[PDB]
């Protein structure tokens, strides 16, 4: 198993993640840690690609308590619509991204949250796989 990395630990909320891809680990960071996040937050992402990301899709599963709150799929890179500059980069390339993700200005209540994130190609080949935990407390 890959080690668990600390994204946030700012006296209150703790964000942890772990790679579920057996082949490799990856790096991920945020610019700032808070209970209240602004729209279009900035992330940092480092990885070796195991597949061409001409077409890339994200799967998200957010869990609170035990009730599955939210499943969604979203395309990040597409033949008809490359949303980001790194779209169309190829297998074996080392990627580094520092920029926004498209997120609504939203706030999260207190409690424990479990998150699964999968990035995959057209053939459903794994680019990235993440097992993440969010712990929020008093303020």
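Numbering follows the first chain given and starts at 1.
The PDB entry reports B-factors from which the mean C-alpha value can be compared for 10-18 and 122-130; the larger average falls on 10-18. As listed in the deposited structure, the average C-alpha B-factor of 65-73 and of 22-30 is greater for 65-73. Highest C-alpha temperature factor among 94, 85, 107, 42 per the entry: 107.
Residue 60: CA B factor in the middle third of modelled residues in this chain (values from the PDB entry). In the PDB entry, residue 112 places in the highest third of its chain by CA B-factor.
Sort the chain's modelled residues by C-alpha temperature factor and residue 90 lands in the lowest third, per the entry.
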